[PDB]
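As structure tokens, the structure follows; a few thoughts come after it.
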């Protein structure tokens, strides 16, 4: 029953669900996050099969999850302390 199968995705997802975003902002975040899940999951398969040795693909996906967050501003708040 986990929206996805990756901890990073399930973590960001649970995070939004925690901030309780409207069905529109959450439907857009969940949808966009899904596409990111299709590529991300596909990535777990990449390393699993041994296709990305330089995690370069993972870096693009990461930078994407990072962009998606920088887009919804849901990047969080502290977590890193400022």
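What follows draws every value from the coordinates through simple rules; no lab data is involved. Note that we place each Cβ from the backbone using ideal geometry, even for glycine, and neighbour counts take in every protein chain shown.
Overview of values
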read-out: Close pairs (8 angstrom Cβ cut-off, 6 or more residues apart or separate chains): free of Cβ contacts under 8 Å to residues at least 24 places away in the same chain in segment 11-40, assigned to a helix (DSSP H, G or I) and loosely packed, with under 15 Cβ neighbours inside 10 Å anywhere; value: 26/17
read-out: Count - residues of segment 16-35 that are closer than 19 Å to residue 79 by Cβ and surrounded by 16 or more Cβ atoms within 10 Å (Cβ to Cβ); value: 4
read-out: Candidate set: segment 42-63, residues that are surrounded by 16 or more Cβ atoms within 10 Å (Cβ to Cβ) and within 16 Å of residue 10 (Cα to Cα); chosen: the one nearest to the chain's Cα centre (by Cα); value: 61
